[PDB]
Amino acid sequence: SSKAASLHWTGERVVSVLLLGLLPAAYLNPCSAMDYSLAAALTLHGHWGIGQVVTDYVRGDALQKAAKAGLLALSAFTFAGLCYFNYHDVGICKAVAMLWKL
Amino acid sequence: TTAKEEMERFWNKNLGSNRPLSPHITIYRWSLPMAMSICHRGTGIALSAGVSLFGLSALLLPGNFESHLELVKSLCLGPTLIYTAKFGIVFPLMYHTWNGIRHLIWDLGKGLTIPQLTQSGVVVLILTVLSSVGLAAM
Amino acid sequence: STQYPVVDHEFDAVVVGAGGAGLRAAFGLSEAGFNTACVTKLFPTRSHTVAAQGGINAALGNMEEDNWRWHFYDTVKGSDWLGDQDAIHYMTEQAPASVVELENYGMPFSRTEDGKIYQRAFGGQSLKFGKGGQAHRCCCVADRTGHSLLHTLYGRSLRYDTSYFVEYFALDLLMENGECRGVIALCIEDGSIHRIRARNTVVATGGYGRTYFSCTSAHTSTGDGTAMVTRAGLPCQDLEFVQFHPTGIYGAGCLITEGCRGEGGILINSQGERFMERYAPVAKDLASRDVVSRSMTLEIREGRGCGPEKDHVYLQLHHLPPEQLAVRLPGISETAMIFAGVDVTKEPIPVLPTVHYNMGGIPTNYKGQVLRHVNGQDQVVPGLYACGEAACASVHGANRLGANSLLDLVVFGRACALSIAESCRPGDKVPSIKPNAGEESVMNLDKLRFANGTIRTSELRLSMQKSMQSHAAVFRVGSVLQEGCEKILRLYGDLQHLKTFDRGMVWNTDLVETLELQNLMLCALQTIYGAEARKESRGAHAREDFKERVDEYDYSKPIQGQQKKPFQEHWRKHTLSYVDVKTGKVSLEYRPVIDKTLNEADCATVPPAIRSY
Amino acid sequence: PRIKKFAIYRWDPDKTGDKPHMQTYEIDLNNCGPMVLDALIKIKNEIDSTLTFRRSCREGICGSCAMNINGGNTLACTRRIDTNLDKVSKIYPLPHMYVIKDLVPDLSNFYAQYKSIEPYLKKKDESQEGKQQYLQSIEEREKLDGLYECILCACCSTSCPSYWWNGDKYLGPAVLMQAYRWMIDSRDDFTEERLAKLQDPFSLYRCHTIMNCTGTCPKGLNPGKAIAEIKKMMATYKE
Ligand SMILES: *Cc1cc2c(cc1C)nc1c(=O)[nH]c(=O)nc-1n2C[C@H](O)[C@H](O)[C@H](O)COP(=O)(O)OP(=O)(O)OC[C@H]1O[C@@H](n2cnc3c(N)ncnc32)[C@H](O)[C@@H]1O
Ligand code: HEM
Ligand SMILES: O=C(Nc1cccc(-c2ccccc2)c1)c1ccccc1C(F)(F)F
Ligand code: SF4
Ligand code: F3S
Ligand code: FES
């Protein structure tokens, strides 16, 4: 008889305030350590966000299930794709920095 | 008869009937709060799409990030057109960020009256335009 | 008849009415383990009793020391000795127990310093049997005491397996050989016809204020159970007694609470003089409703009106602290501004006495059993109960006391439940009804649905409302009342001529409002004829020809050695009215008021005296 | 003479293959009360009695006549007609609801949702009820203001986009505020288990704070605020 619905909701706001703190944190302190934490916080928040759009609009039996799976794939693929970028390239931070003074 | 039985019958009755759904989005009064709830979804979606496109192409496409930037320099757009692309990125981000803070203030229980909505609504709107112009110019 | 689907339901008990009384009766029956149906033409919350404002009386003794027996004395005095004291004993004794029951249900009563229920002063109440000054026993949820009463009773009602026939218009009683078998009803939702049968049947259909052109009462206050009892040939009681509430708004006639006055609100004429000090010296503007309103109506007569056309009077509130108005009267603060553009904290409300309560209704036991009159004697109609405003236990008599109907509701609703629970058993033989019973209701329903005549339903309703308004008002005279009678009778003749437009089955409001019109007329006829015959001034009924209060004795002087008047010579008796549904003739009889209480040793009978405040 | 035009939504289920349409009526405002219901009543009585709507108190305290006037959900008996004759008053039934006939929506589900939250006092030992008035302090009673006044008109829930898309599984502002009403009634003993009854993603957690519900409430109440107040209890209540 768990209380997951409320926990999940809290989780969202916890990573919301995290992500908010992380944007100026990244500007002031641009480094490898920020590149990953930014990649985690970003995909998670995005994942839960779209998950709400899904639970709102996707009316259906085997549809609700499918959309949630395809979202999970997309989210997982995203977190890896980002982590790959942080390992094998300049990373989220330096990449923005290059893009801007252009 | 129970509350659960009543709903189950409500839906049995209406779905098998020739009753029409009263118009909703077609006729309801446009408000700033409304538009701003819509825009938060829109900007929210657009941003995740952009993030995922950045992650996916980093896995699927060849060449390093510099090789991708050097390709943008190829069709060298005018300094103002580059500022446009730059403003078009920061705009949805900033809107969603500021309106996001507003959403968070709400979850604390604070600022939830009709006047406070319209007021905080304009503050967000103004804060978007300023920070969007201010960042694009950096 | 091949056109109409007949659907038979079987139950232990049927309650017709989802008001305050209706609900308490309804779920009270289910609590005693009875398979109960509740038939209502509105969603239960929408029932009038939401409009309730002042409070609900109980001698809880929350503000000072109180005794229920003092509340007893007050109501019977108020009743102008037409109120049956056996019922008034029962009600006022049960008062505190019944109100506590409601608070315990979760009714959000306003609180005091002690944390107890907040009681307030109201028109007509006293301590120490009149000798002790103003009483504070009006239990209230701020200004919205009825809304909360109805909503908590409904909240509670959801705990039991009662069957709610929501938005079903009850057409007639199912009657077989003097006994009640249930109700035949139209389901508004799909135009179908349902015969709901039961051992016992409770009528709690509220008042008939919509007989008049100006009323505080809702658009659905059309005396429908009253008309059903009438169509059965059963008598109605005291129908000429129509409460004119002193403080109804000038515009749409919406009620402004008497609570206003109990909180310190004052009544003002054109010259600023507090006119209620002139009429009632001791009780002032906290006097009985019949006295205040007749004083108001009389102040307009003399030329002291208050409008730009001099036709109303002001209820002043602005001298009371702003926070008192905010906490005590927030709901009339809103509706005064909405309907009259009035700031209560700075300006007075334009108020005019308007129709409000029906102390008449279905004659009843203190146990809530419908009485017929055989051979000048009382007689219980088997399986038929009535409670609330639609009834007449005459706990109210010739003039209802302020904040006593919400009490009426709760007590007698409950009483109906206990009377059934304590007489018969659940799962007892539900009496079988004839295969074509309630046939004439469907035929009546059919004619009105396809009614192609000359006079539109709305138009005739107007003719009735304006007639009752000018012929049977606060004051009435023989000649004026007679033109009223021969006018209403002519308008009953007009009923065979009405035009209806909507021919559909689903939600035919065009149709129902015509059913309502037949119901209204049958109520109006008995009001006006009984009014014309009553040749005395008693309570709300004030005859300008016969300003005297006619009792068995001249109760002003000593009782000692006097001639007691024969029954058909005095007027201290209930009016019993019948009407032949076809010819529209009103014939009337009379039955005595009940003076003995349930226990002289616990609650002493109050004999008639000179009644002024 | 001051003539005001009304465009009203119409549909008759008893008419063979009839589709929803608008019908316009014209009313002299000098011979009519100030409120929209007054017009409806007048056009019903005098012009067209095929017009079908719910009404009772004309006082704004029963909640029967709730409908969509000129965009927003209010009560027709409290909304005065805009005397501006150049504008035309558009009258619709409560948004995204199954229409029974004309302006009469099927509210069956609305009420059932209300039932599912148990809007009555619940005590752990109800073996003493009906004999002593329960003690509630004046301060404990203020906490119910802006909550008990609700009239169940269903204006807010019907102005709610989440209640449009998910009216089946989501309880909506109206019902939710009453769950809150009983949560903080100091006389109630079932506060924890009232919150546990919302522990799924639909019942409560389908509001994303659109606040369109509160803006529309005809009684001035704030269901939005009370919902966000629920959410806070949900995250914080222990055991
Ligand atoms: C008019 C009024 C009365 C009033 C008041 C304020 C106003 C504006 N304030 C009061 C107060 O503060 N204290 C008090 O003691 N009384 C006050 N009153 C008087 C009192 O409210 C009424 O006497 C009382 O509400 C009557 O209640 P009752 O239980 O009799 O039920 P109802 O509210 O009148 O509603 C009638 C019910 O019956 C059903 N019905 C009616 N006809 C039919 C038919 N045709 N078929 C099926 N059902 C029917 C209705 O559905 C409703 O449920
Ligand atoms: C990194 C870029 C961001 C992305 C990709 C993103 C993505 C999303 C998405 C997809 C949603 C769901 C939309 C909805 O349910 O209506 C959402 C909602 C939300 N976002 Fe963001 N977001 C970003 C930045 C931020 C920031 C910086 C904040 C901090 C203020 C924030 C705060 C919120 C909040 C509080 C919600 C939920 C509001 C609610 O429905 O109650 N977001 N976001
Ligand atoms: O769909 C949403 N609103 C929506 C979608 C489409 C149209 C309208 C709308 C437009 C005009 C007037 C009224 C409503 C409103 C919406 C938007 C943001 C967050 C959550 C939601 C929702 F909860 F899922 F409902
Ligand atoms: S909170 Fe307001 S809009 Fe919602 S049901 Fe109550 S009165 Fe109607
Ligand atoms: S969809 Fe409704 S509940 Fe208020 S928070 Fe929402 S407007
Ligand atoms: S009809 Fe009573 S609220 Fe409008």
# chains A, B, ... in the order shown; residues from 1 in each chain; ligands from 1
$ closest_atom_pairs --of "chain D" --to "ligand 2" --cutoff "10 Å" --atoms "only C-alpha atoms and all ligand atoms" --output "JSON lines"
{"residue": "D:205", "atom": "CA", "partner": "ligand 2", "partner_atom_place_in_ligand_line": "41 (O)", "distance": 9.5}
{"residue": "D:206", "atom": "CA", "partner": "ligand 2", "partner_atom_place_in_ligand_line": "40 (O)", "distance": 9.2}
{"residue": "D:207", "atom": "CA", "partner": "ligand 2", "partner_atom_place_in_ligand_line": "41 (O)", "distance": 7.7}
{"residue": "D:208", "atom": "CA", "partner": "ligand 2", "partner_atom_place_in_ligand_line": "40 (O)", "distance": 4.3}
{"residue": "D:209", "atom": "CA", "partner": "ligand 2", "partner_atom_place_in_ligand_line": "41 (O)", "distance": 6.1}
{"residue": "D:210", "atom": "CA", "partner": "ligand 2", "partner_atom_place_in_ligand_line": "40 (O)", "distance": 8.7}
$ write_last_selection --atoms "C-alpha atoms" --output "mmCIF file, in the first residue's frame"
data_model
loop_
_atom_site.group_PDB
_atom_site.id
_atom_site.type_symbol
_atom_site.label_atom_id
_atom_site.label_comp_id
_atom_site.auth_asym_id
_atom_site.auth_seq_id
_atom_site.Cartn_x
_atom_site.Cartn_y
_atom_site.Cartn_z
ATOM 1 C CA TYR D 205 -2.105 14.411 -9.971
ATOM 2 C CA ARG D 206 -3.729 15.386 -13.247
ATOM 3 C CA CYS D 207 -3.730 19.058 -12.400
ATOM 4 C CA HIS D 208 -0.789 20.897 -13.860
ATOM 5 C CA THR D 209 -1.926 24.224 -12.335
ATOM 6 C CA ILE D 210 -3.838 25.831 -15.208
#
$ select_by_dssp --residues "stretch 313-471 of chain C" --states "helix (DSSP H, G or I)" --output "PyMOL selection string"
chain C and resi 322-328+330-340+388-390+405-421+439-449+457-471
$ residues_near_ligand --ligand "ligand 5" --cutoff "7 Å" --atoms "only C-alpha atoms and all ligand atoms" --output "VMD selection string"
chain D and resid 156 to 157 160 to 163 172 to 173 207 to 214 223 to 224 227
$ residues_near_ligand --ligand "ligand 3" --cutoff "6 Å" --atoms "only C-alpha atoms and all ligand atoms" --output "PyMOL selection string"
(chain A and resi 56) or (chain B and resi 25+28-30+37-38+41) or (chain D and resi 161-162+208)
$ atom_distance --atom1 "atom CA of residue C:30" --atom2 "atom CA of residue D:177"
28.7 Å
$ residues_near_ligand --ligand "ligand 6" --cutoff "12 Å" --atoms "only C-alpha atoms and all ligand atoms" --output "PyMOL selection string"
(chain C and resi 42-43+45-51+147+217-220+254+335) or (chain D and resi 35-38+40-41+53-67+73-80+150-155+218-219)
$ residues_around --residues "residue C:207" --least-positions-apart "5" --cutoff "7 Å" --atoms "only C-alpha atoms" --output "mmCIF file with N, CA, C and O atoms, in the first residue's frame"
data_model
loop_
_atom_site.group_PDB
_atom_site.id
_atom_site.type_symbol
_atom_site.label_atom_id
_atom_site.label_comp_id
_atom_site.auth_asym_id
_atom_site.auth_seq_id
_atom_site.Cartn_x
_atom_site.Cartn_y
_atom_site.Cartn_z
ATOM 1 N N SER C 221 -40.898 25.688 -6.170
ATOM 2 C CA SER C 221 -41.755 25.649 -4.992
ATOM 3 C C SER C 221 -43.195 25.688 -5.461
ATOM 4 O O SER C 221 -43.865 26.709 -5.331
ATOM 5 N N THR C 222 -43.668 24.578 -6.018
ATOM 6 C CA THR C 222 -44.985 24.552 -6.673
ATOM 7 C C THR C 222 -46.016 23.619 -6.019
ATOM 8 O O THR C 222 -46.996 23.229 -6.658
ATOM 9 N N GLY C 223 -45.796 23.274 -4.750
ATOM 10 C CA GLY C 223 -46.741 22.460 -3.975
ATOM 11 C C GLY C 223 -47.255 21.236 -4.709
ATOM 12 O O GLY C 223 -48.454 21.119 -4.987
ATOM 13 N N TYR C 357 -43.182 31.458 3.379
ATOM 14 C CA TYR C 357 -43.447 30.153 3.979
ATOM 15 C C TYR C 357 -44.923 29.749 3.888
ATOM 16 O O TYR C 357 -45.810 30.598 3.933
ATOM 17 N N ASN C 358 -45.169 28.447 3.761
ATOM 18 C CA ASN C 358 -46.520 27.897 3.834
ATOM 19 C C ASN C 358 -46.732 27.023 5.073
ATOM 20 O O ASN C 358 -46.339 25.841 5.093
ATOM 21 N N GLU C 389 -42.194 21.337 4.867
ATOM 22 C CA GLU C 389 -43.052 22.480 4.550
ATOM 23 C C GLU C 389 -44.351 22.039 3.885
ATOM 24 O O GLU C 389 -45.383 22.702 4.019
ATOM 25 N N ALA C 390 -44.291 20.911 3.183
ATOM 26 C CA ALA C 390 -45.451 20.354 2.485
ATOM 27 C C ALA C 390 -46.479 19.824 3.466
ATOM 28 O O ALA C 390 -47.656 19.681 3.134
#
$ atom_distance --atom1 "atom CA of residue D:121" --atom2 "atom CA of residue C:106"
4.9 Å
$ interface_residues --of "chain C" --to "chain B" --cutoff "9 Å" --atoms "only C-alpha atoms" --output "number ranges by chain"
C: 158, 161-163
$ write_last_selection --atoms "C-alpha atoms" --output "PDB file, in the first residue's frame"
ATOM      1  CA  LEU C 158     -24.481   8.664   0.779  1.00  0.00           C
ATOM      2  CA  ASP C 161     -28.129   1.924   0.084  1.00  0.00           C
ATOM      3  CA  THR C 162     -31.079   4.293  -0.508  1.00  0.00           C
ATOM      4  CA  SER C 163     -32.221   4.442  -4.169  1.00  0.00           C
TER       5      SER C 163
END
$ closest_residue --among "D:83, D:186, D:72, D:116" --to "ligand 4" --atoms "only C-alpha atoms and all ligand atoms"
D:72
$ atom_distance --atom1 "atom CA of residue C:501" --atom2 "atom CA of residue C:461"
15.5 Å
$ residues_near_ligand --ligand "ligand 1" --cutoff "6 Å" --atoms "only C-alpha atoms and all ligand atoms" --output "JSON, numbers by chain"
{"C": [16, 17, 18, 19, 20, 21, 22, 39, 40, 41, 42, 44, 47, 48, 49, 51, 52, 53, 54, 55, 56, 168, 169, 170, 204, 205, 206, 207, 216, 217, 224, 255, 356, 388, 389, 390, 403, 404, 405, 406, 407, 409]}
$ residues_around --residues "residue A:55" --least-positions-apart "2" --cutoff "9 Å" --atoms "only C-alpha atoms" --output "ChimeraX atom specification"
/A:50-53,57-59,64,68 /D:201-202,206
$ interface_residues --of "chain D" --to "chain B" --cutoff "8 Å" --atoms "only C-alpha atoms" --output "number ranges by chain"
D: 13, 20, 68, 70-72, 92-100, 108-109, 112-113, 115-116, 159, 168, 209-212, 214-215, 222, 224-225, 228-229, 231-232
$ residues_around --residues "residue B:102" --least-positions-apart "3" --cutoff "8 Å" --atoms "only C-alpha atoms" --output "MDAnalysis selection string"
chainID B and resid 98:99 105:106 120 124
$ write_last_selection --atoms "C-alpha atoms" --output "mmCIF file, in the first residue's frame"
data_model
loop_
_atom_site.group_PDB
_atom_site.id
_atom_site.type_symbol
_atom_site.label_atom_id
_atom_site.label_comp_id
_atom_site.auth_asym_id
_atom_site.auth_seq_id
_atom_site.Cartn_x
_atom_site.Cartn_y
_atom_site.Cartn_z
ATOM 1 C CA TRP B 98 11.067 31.780 -15.836
ATOM 2 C CA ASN B 99 7.545 30.293 -16.085
ATOM 3 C CA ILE B 105 6.443 29.151 -6.419
ATOM 4 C CA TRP B 106 2.894 27.855 -6.978
ATOM 5 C CA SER B 120 3.300 37.152 -12.177
ATOM 6 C CA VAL B 124 7.525 36.187 -16.571
#
$ interface_residues --of "chain B" --to "chain A" --cutoff "10 Å" --atoms "only C-alpha atoms" --output "PyMOL selection string"
chain B and resi 41+44-45+47-49+51-60+64-66+69+72-73+79+82-83+86+97-98+100-101+103-104+107+135-138
$ write_last_selection --atoms "N, CA, C and O atoms" --output "short mmCIF file (atom, residue, chain, number, x, y, z; two decimals), in the first residue's frame"
data_model
loop_
_atom_site.label_atom_id
_atom_site.label_comp_id
_atom_site.auth_asym_id
_atom_site.auth_seq_id
_atom_site.Cartn_x
_atom_site.Cartn_y
_atom_site.Cartn_z
N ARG B 41 3.93 23.94 -22.04
CA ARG B 41 3.96 22.63 -22.70
C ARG B 41 4.75 22.67 -23.99
O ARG B 41 5.60 21.81 -24.24
N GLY B 44 8.33 23.30 -23.36
CA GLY B 44 8.79 22.08 -22.69
C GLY B 44 9.12 20.97 -23.67
O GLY B 44 10.19 20.35 -23.58
N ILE B 45 8.19 20.73 -24.59
CA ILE B 45 8.34 19.72 -25.64
C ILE B 45 9.50 20.06 -26.58
O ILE B 45 10.38 19.23 -26.81
N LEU B 47 12.13 21.88 -26.25
CA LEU B 47 13.42 21.76 -25.57
C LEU B 47 13.94 20.32 -25.44
O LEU B 47 15.12 20.06 -25.65
N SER B 48 13.05 19.39 -25.09
CA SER B 48 13.39 17.97 -24.98
C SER B 48 13.71 17.38 -26.34
O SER B 48 14.63 16.56 -26.46
N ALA B 49 12.96 17.80 -27.35
CA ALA B 49 13.20 17.43 -28.74
C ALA B 49 14.60 17.88 -29.19
O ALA B 49 15.31 17.13 -29.87
N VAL B 51 17.18 18.62 -27.13
CA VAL B 51 18.15 17.90 -26.31
C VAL B 51 18.37 16.50 -26.87
O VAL B 51 19.52 16.08 -27.06
N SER B 52 17.28 15.79 -27.16
CA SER B 52 17.34 14.44 -27.71
C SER B 52 17.95 14.39 -29.10
O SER B 52 18.63 13.42 -29.44
N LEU B 53 17.71 15.42 -29.91
CA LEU B 53 18.31 15.52 -31.23
C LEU B 53 19.81 15.74 -31.13
O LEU B 53 20.57 15.26 -31.96
N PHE B 54 20.22 16.47 -30.09
CA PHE B 54 21.64 16.69 -29.84
C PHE B 54 22.34 15.42 -29.36
O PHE B 54 23.49 15.17 -29.72
N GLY B 55 21.65 14.64 -28.53
CA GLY B 55 22.18 13.38 -28.03
C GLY B 55 22.20 12.29 -29.09
O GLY B 55 23.18 11.55 -29.21
N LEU B 56 21.12 12.21 -29.86
CA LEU B 56 20.98 11.17 -30.89
C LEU B 56 21.97 11.33 -32.03
O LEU B 56 22.65 10.37 -32.41
N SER B 57 22.08 12.55 -32.56
CA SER B 57 23.04 12.83 -33.62
C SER B 57 24.50 12.65 -33.16
O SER B 57 25.37 12.35 -33.98
N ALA B 58 24.74 12.80 -31.86
CA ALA B 58 26.06 12.54 -31.28
C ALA B 58 26.41 11.05 -31.30
O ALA B 58 27.59 10.68 -31.25
N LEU B 59 25.38 10.20 -31.37
CA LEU B 59 25.57 8.75 -31.47
C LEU B 59 25.52 8.25 -32.90
O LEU B 59 26.24 7.32 -33.26
N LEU B 60 24.65 8.85 -33.71
CA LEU B 60 24.35 8.32 -35.03
C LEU B 60 25.18 8.94 -36.16
O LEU B 60 25.55 8.25 -37.11
N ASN B 64 33.45 14.82 -35.50
CA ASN B 64 33.40 15.48 -34.19
C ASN B 64 32.60 16.79 -34.24
O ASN B 64 32.18 17.23 -35.31
N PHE B 65 32.40 17.41 -33.07
CA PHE B 65 31.59 18.62 -32.96
C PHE B 65 32.13 19.79 -33.78
O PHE B 65 31.36 20.54 -34.36
N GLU B 66 33.46 19.93 -33.82
CA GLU B 66 34.11 20.98 -34.62
C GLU B 66 33.78 20.82 -36.10
O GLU B 66 33.53 21.81 -36.80
N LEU B 69 30.39 22.26 -36.61
CA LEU B 69 30.39 23.73 -36.58
C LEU B 69 31.00 24.33 -37.85
O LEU B 69 30.44 25.27 -38.42
N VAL B 72 28.53 24.80 -40.43
CA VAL B 72 27.64 25.95 -40.28
C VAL B 72 28.30 27.20 -40.87
O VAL B 72 27.65 27.99 -41.56
N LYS B 73 29.60 27.35 -40.62
CA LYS B 73 30.40 28.45 -41.17
C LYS B 73 30.42 28.44 -42.71
O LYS B 73 30.63 29.48 -43.32
N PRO B 79 25.71 38.22 -39.69
CA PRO B 79 25.79 38.36 -38.23
C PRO B 79 24.43 38.52 -37.53
O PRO B 79 24.28 38.05 -36.40
N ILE B 82 22.58 35.05 -37.72
CA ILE B 82 23.18 34.16 -36.72
C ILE B 82 22.64 34.49 -35.33
O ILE B 82 22.46 33.60 -34.50
N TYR B 83 22.37 35.78 -35.11
CA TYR B 83 21.75 36.26 -33.88
C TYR B 83 20.30 35.79 -33.79
O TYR B 83 19.80 35.52 -32.70
N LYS B 86 20.29 32.28 -32.80
CA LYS B 86 20.74 32.33 -31.41
C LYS B 86 19.62 32.77 -30.46
O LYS B 86 19.52 32.28 -29.33
N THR B 97 12.05 28.54 -18.46
CA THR B 97 12.80 28.67 -17.20
C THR B 97 12.07 29.60 -16.23
O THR B 97 11.82 29.21 -15.09
N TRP B 98 11.75 30.80 -16.68
CA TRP B 98 11.07 31.78 -15.84
C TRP B 98 9.67 31.30 -15.42
O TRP B 98 9.34 31.32 -14.23
N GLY B 100 8.77 28.34 -15.35
CA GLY B 100 9.11 27.20 -14.50
C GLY B 100 9.24 27.59 -13.03
O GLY B 100 8.67 26.93 -12.16
N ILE B 101 9.99 28.65 -12.76
CA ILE B 101 10.13 29.18 -11.40
C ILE B 101 8.76 29.53 -10.83
O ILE B 101 8.46 29.22 -9.68
N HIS B 103 5.86 28.25 -11.75
CA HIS B 103 5.23 26.97 -11.43
C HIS B 103 5.68 26.45 -10.07
O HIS B 103 4.87 25.92 -9.31
N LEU B 104 6.97 26.61 -9.76
CA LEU B 104 7.54 26.14 -8.50
C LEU B 104 7.05 26.95 -7.30
O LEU B 104 6.71 26.37 -6.27
N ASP B 107 3.75 25.65 -6.38
CA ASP B 107 3.76 24.37 -5.68
C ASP B 107 4.05 24.53 -4.18
O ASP B 107 3.66 23.68 -3.37
N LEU B 135 21.08 37.46 -23.42
CA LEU B 135 21.92 36.28 -23.64
C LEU B 135 22.39 36.16 -25.09
O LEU B 135 23.56 35.88 -25.34
N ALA B 136 21.48 36.39 -26.03
CA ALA B 136 21.80 36.33 -27.46
C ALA B 136 22.91 37.31 -27.84
O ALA B 136 23.64 37.09 -28.82
N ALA B 137 23.04 38.39 -27.06
CA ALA B 137 24.02 39.44 -27.30
C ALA B 137 25.38 39.18 -26.63
O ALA B 137 26.33 39.93 -26.85
N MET B 138 25.46 38.12 -25.83
CA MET B 138 26.72 37.72 -25.18
C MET B 138 27.67 37.05 -26.16
O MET B 138 27.26 36.24 -27.00
#
$ closest_residue --among "C:213, C:553, C:105, C:160" --to "chain D" --atoms "only C-alpha atoms"
C:105
